[PDB]
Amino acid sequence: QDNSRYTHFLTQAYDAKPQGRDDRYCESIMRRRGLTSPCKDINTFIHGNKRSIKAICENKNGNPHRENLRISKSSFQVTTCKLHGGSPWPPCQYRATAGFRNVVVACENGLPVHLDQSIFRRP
């Protein structure tokens, strides 16, 4: 169906209006979206307009990146939550990192179904 993935993706990485973009916000949204027990070691939420996000999938806001992905032409506001400590069990310990940059996504029939996170593990 022309949902699932696109719709899973939104549930996973989309948050239009984040209140705080801090540790507190990271732990509260993570717990709330149900990405704990055991906690996801890393996760980024894209903030902003949905339409612009969808355009990354066309040659209008995106470009072929790597073998089969697409990098955005425009920049986005984003918040990355990285689990820390050494225990993936609650209380989950997250550290928040806010940014503004281009993003890489996977598209499937004109729709994004995955937010690639390798550019967010900046080593």
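Residue numbers run from 1 along the displayed sequence.
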query: Higher-scoring stretch by recorded Cα B factor average, 77-85 or 92-100; finding: 77-85
query: Residue stretch of maximal mean CA temperature factor, 59-67 vs 27-35; finding: 59-67
query: Record-listed C-alpha B factor of residue 122: chain third; finding: highest
query: Residue 16 - which third its CA temperature factor falls in, relative to the rest of the chain; finding: highest
